[PDB]
Ligand SMILES: [Cl-]
Ligand SMILES: [Cl-]
Ligand SMILES: [Cl-]
Ligand SMILES: [Cl-]
């Protein structure tokens, strides 16, 4: 684990349109903070409806038939993505520092697990550019029919604060591989890594207006993207609550395509026959990764009666080993929550857990005089009606529940409006396949948890989302299928 | 062309739930009319929110893990669809009579071209059932990853009045092939063919609750489907206006998946070098098919200056050969419009054409003392700002425009919020491929028009729709992709 | 299980070319026998090089550009295959009687498991006809590129005697779905079911010369097919020995495509943790199905030391329950071997087992005064150097071996030139995936054996074959991929 | 076009096994010559059966389950191929010099068109590594079925002399992307570029024994590869004559998989309506590229009567503009033939052309006192029975034929045992699609010729080959499809 040997100087703070840096139309700026110390890092230009309109006009111009981006070979789009990957790899130390410092993310994890996922996912997306293929079709009658997988057009992409750099590349990588142009709105909490990457898109040599990055607030710049009459598709990751507003505003405007990656209340099911140490470690890392600020957090762990007491005991032993502090300091194993709103929501939900009669095993309160830190918390004897079993906490809070009947636990696991992910722990082949078939969740891990890679599609059932990201399947939602049917004199097979 | 040798008796008039016939919860009924004579055909049970709730509970029960529909082999779902196709083939005379009598559709076309498309599309969909495959994925790390293409769940399907039986099978065929259960709402104008087909689903031997058909009105039963908290996906075909309300209500409720097939203002481009008789006949059949009540109607025909006068002349000759009357009577070549609302809208738009200074060449008025008949109408010298060049008419009204520059005409062809289809007429290979690449339309025909078959995907760009129906690609929107990742000791390639 | 209420009269005995019945050019005939009674059933026309030349000329004429078979829609090829399936279903009683009577196959199995597999596989193949698609390709430069999946041409298909009707449909079903024409050579032992099916191809209404069936001997008619200068592809199932001669003669003639499905020496591996009764029953049915005359026969069963004695004991109990006799008689549970050559080879190998020091547990000799019956035989304490552990027996002879180390048993399982199939019996998820990855075999069953269905590809590694039959993947070997690259003025993505 | 500013020193001359340099077992060496000057360049180690056996043992060891090559992630195989591409890009000057100097290839073309194709194809193949996917299958019964696309094993690859570096990467790129190990035998005329690339495979960091390169002669080392009992697949490009021996020896040994890319006698068809200057230039470059030493050489150009005389005239004008000499010297536009055997064969065929009564238009003889140079030659009034219209010349010799009827010319175009490629020149959409459908050729160019790119499959019909290289489709022949079927308690859709 190497480290940045100079204190970080932030450089890129402006709106990025046509490969140039712009002040806001209003002239307004907004502050960005470090959540470990609550002190200002810099001022960033505040985009609004007028700035989004300028970015969309630039993206539409770069998408015109006969433009550089539309005329270059599919393989050359790939080359630009692979070139950008090499530049992200070059700037890995300073991007991981900026991610840790701005996002409150453990530095070790930002360097070894977020930036490695950024580089790997970009390289994977580069590889698809010239392998996106349509079909030739043996239609009835004297016709020759084929499909083009065309790009859709201008794609509006709203990035969340929990994985700012990883989620930026999960959106722009497929969008640009398929040949779209993008208007990106990074989260108000975390604009800084997206603007550094804009500087690298210019350096990699993308044509101007292919990538535009407009920082700003959700109700202003985000609503402007969702309601715009010339954006063809909107991708949003964030709260289920705002997801509903994005899909509403797409209907009311121009029936733009909507993909959503939203909250979860993801179950683990640990059967009597499971390797108990393997299940304790994966369900633990499942919930406590990045201070529980993961959509896939393993927030409901159901354990069979016979091993329940031993599971809880070993879970609590593991949760009492954390060292809280600034996530840039060596030895620190848990950083802060992102902001006051999230911190308040987490402590409010912990208080309902205690009050509604869950057993607090450890933690259960704040830590420190500055920074938004929550002690890692474990609740046992949780029941399905409690707020901590129904609502996404998005904090370091583990819920452990008891079951006896496998039919019953799958009913309880599925009794939610969420459906992003699930974990099943068993030694048995039949149980692995039948429980993974029965759970209404987009990702099932068996005997592991939180294993996410570029080659696999990822996304929610039910109110956890619409559509899928990455893998073969994820590139479908950034193309538009065009059928071409040509009359010919006589068809021959 | 055989004919039904007995006058039609209508039998199935009720709500279809769990393979049984139900009265409405309210007790209410609504009338169904013949649009050629304006006389009542029968009374049909009026479904509302209470009837949709009962149908969705039946569909959810039939979709439960361990149910008959979920446990039967993929090949057996196929067998039931192929069996249903054979029963539709058996009842082809009485279904085509009912389609003609209720929908105002020429009998020849209902028998030879709608019922043949119904049978062919069902047989095609049957064939996909056991060939829908997921992926095994070479993920990084010591894991085995695969995808299931699972069914989504309960699918709400709202059928339009223009192609009642064809659009019913385009929706239920893919939905049932992929293993979903369905709640169908046929159009208030045209419920009768959908309820006959419900009787054949029961006879084919589908498990109860797999198909439920709730007739009723759009603002009541249709809004109940779009806003329901336990419908997983809604498919709608109809006006762009109602499409916007369906996608809005999906956002506000449960982020259900939304596919839309909406209006068009579809261009033909006829170049100087085109086979002129071939282009006149296809652009003519393109606009006048089923009294212009096609989403793909060729409602803007752009013709190069040098051949423009000859095109208009030959077009008008062709349009003056029609014989209006009851669409069941032999020799009749144009039937009525569906209802008074549509008839009024068409005559109102024809009046704007005359007033705004388009040249009326023929027709331009109503016909007859009963039935909603419009004379087939041709306008020449149409300009892009006129109401008849901007708004979907959905009537027998042809617009013919002039151009000189190919760059310019593609700009004008693309200057619309619609984008369902386009036709290009040329002898030149370069022009066929480059114009089909440049037009922002989901289907391009070259040297033909209106050629639609089960093997090809069909759907809109822009406000003409979201997603695609039929072909390989159309089945993607009735599956939910589930990733399963299993930890293993050591991976080997 | 219904039965044919009349004694069978054989009708179709001639060469089938251009939908007409031909005598042999030589005038020669050959006898066909019942292997349960060794008495002649009928005389069949003996095809040779002159008869194959006539069939190939008819198949080439039916494959010409502009012919009925080449001009009909892909969906219509499908319709003819689905129509043929319905006629096979109609003649199921008499085809299963003919299969049992001529092939020595248990009637129950011929009716309930071979004819059901014939009908199911044909219906599956029908479904692919209009879904075989090529690609549109985003090639570098100003070009439009696509692929056609064309048919290859005239396909020579040599059918074995062990599954005469099932293997006929596994060959003609994919070949005709992809639009090829066929020259079929059924096995000299078993021509009768193939000629009945020829009568049904004529009745279904295939164009003449699309299917031609030339009965005869392997060294004459079979060698004529493999060496012919105008056959584009040869498919052969049979002995590894003749497989080598077919692929040699394809090289020496016209580099025709060769697919081979050949012998096996297929292992089961039964781990200590396996459900022992489930493993005994599946490994038993695995080896004794159709008197061991299966390429996939489970002819080497490796059992972990700790459960070995109990496995052998329960295996021998199961093998002593068989009732030998005519396979048409109710209650009979084992029929005869096909002919004297096979019968002699089986008894010769049983004698090596005894002599080389394997422990005979039961059987080990002939049965009866007529018919080619072998007692069901079990050998325990078999070692890897014995002839019965190295050579394909193709008779009712089970070998049971001991192991202690899992690393070691997979080495021993893979130490063969064969590689058609394998079975793994375990409760453990890790062991199922890692052992299936490590075994060099085309089909792995886990916790079952001999489960073969139309939706899955099937075929050998190593000397058990080249290429694959059925599933998506199997249709690749009956198409020829044609790339078409067209110059265009400017490409746009 | 940069140039190498130092005279080339050759370094790598030995057999490459396990990432180390070996002398031949025999101790024997063979000379390598420059064909422009006929002088020796160096001595290279002569591999035989003993050296191939050592390489295959190393390749089998590197392919063992649990080895570094088998355990590394699919994405890491990709990374090694992309790393190798960057090292080939670094050594582009010295590889293009070595290609020109050893192969007799124009330096401009070796640098700008062969090394660019090498780099582009490797980068494309890298991109497939982690996107090669099998299937999950909805099989009948209570089973879970999937496929692995496994690597086949040890792949023997015989490279021709005409495109030594390009054809090396077309073979090793797909083979290594799919995870196979390789034993390469470069052509005896041209070993030097393959051994330089071996040095770069070691440097890129491939595990030892994954790539082994054994230079030597065709009858010794090539026959050893084709007959070896532990090579799983053999790929050969070269003469149709040797192709037949390779496929024969695969049958007689171990039924190893055989892919062949062989000769052609490729037609162009130029219709009356074609852009004549575009057709003259592409048919010219089609035949004269790399001194006609292309399998796809446009060796039969059929021109419609009305434009025939003008075509021949403009063709001869173009062919008289060449400047012969050493292919490293600036300004030179045609290099030598490869060796004396090829040179003699070309002059012998030119003499038959004159004698059998073709009209010699230009050239028709040797040039120079050293080097194997042939004057660029044009024949008009060629008929289908002449040796120059039937036999592959593999020299700079253009044949131009007359036709009147389009039905007739396609018959004549198809009347050959060859079928690698074809060119069609027309302005008409119908003619482009119908003539490309009718020609029995693996690649059809329309209005261009010789356009070959990594994204497209390439390969022959008939005796021009078995199987396909590059594109999606080409990777199928370097995987082995393994079906895995697992018994489960109850299946749910
Ligand atoms: Cl998928
Ligand atoms: Cl598609
Ligand atoms: Cl497969
Ligand atoms: Cl392909």
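Shown for chain B, in order and in Swiss-Prot numbering: 9-501.
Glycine is treated like the rest: Cβ placed from N, Cα and C.
Between B:128, B:179, the residue that has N6-acetyllysine written against it in Swiss-Prot is B:128. Among the recorded positions B:170, B:195, B:227, B:269, B:303, B:401, the ones whose Cα sits within 10 Å of the Cα of residue B:353 (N6-acetyllysine) are B:401. Here the candidates are the recorded positions B:170, B:227, B:269, B:303. The one whose C-alpha lies nearest to that of residue B:495 (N6-acetyllysine) is B:269. In this structure, residue B:195 (NAD(+) binding site) belongs to neither helix nor strand by DSSP; it is coil. Residue B:401 (NAD(+) binding site) falls within neither a helix nor a strand when secondary structure is assigned with DSSP, and so counts as coil. Of B:195, B:252, B:410, B:495, listed as recorded positions, those near chain A by the criterion of a Cβ under 8 Å from one of its Cβ atoms are B:252, B:495. DSSP assigns residue B:349 (NAD(+) binding site) to a helix.
Comparing C-alpha positions, residue B:352 (NAD(+) binding site) sits nearest to B:410 among the modified residues B:91, B:128, B:410, B:419, B:435. Note on proximity: of the recorded positions B:170, B:269, B:337, B:349, B:410, the one nearest residue B:367 (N6-acetyllysine) is B:410, by Cα distance. Residue B:349 (NAD(+) binding site) counts 11 other C-beta atoms within 10 Å of its own C-beta, drawing on all protein chains shown. Fewest Cβ neighbours within 10 Å among the recorded positions B:170, B:337: that distinction goes to B:337. When secondary structure is read from DSSP and collapsed to three states, residue B:303 (active site, nucleophile) falls in the coil class. When the C-beta distance to chain D is held to under 8 angstroms, the recorded positions B:170, B:352, B:401, B:435 reduce to B:435, listed in sequence order. Residue with the densest Cβ environment among the recorded positions B:269, B:352: B:269, by other Cβ atoms within 10 Å. When Cβ atoms from all protein chains are considered, those within 10 Å of residue B:252 (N6-acetyllysine) total 19, not counting its own.
Put simply, B:170 is the one of the recorded positions B:91, B:167, B:170, B:195, B:252 whose Cα lies nearest to the Cα of residue B:435 (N6-acetyllysine).
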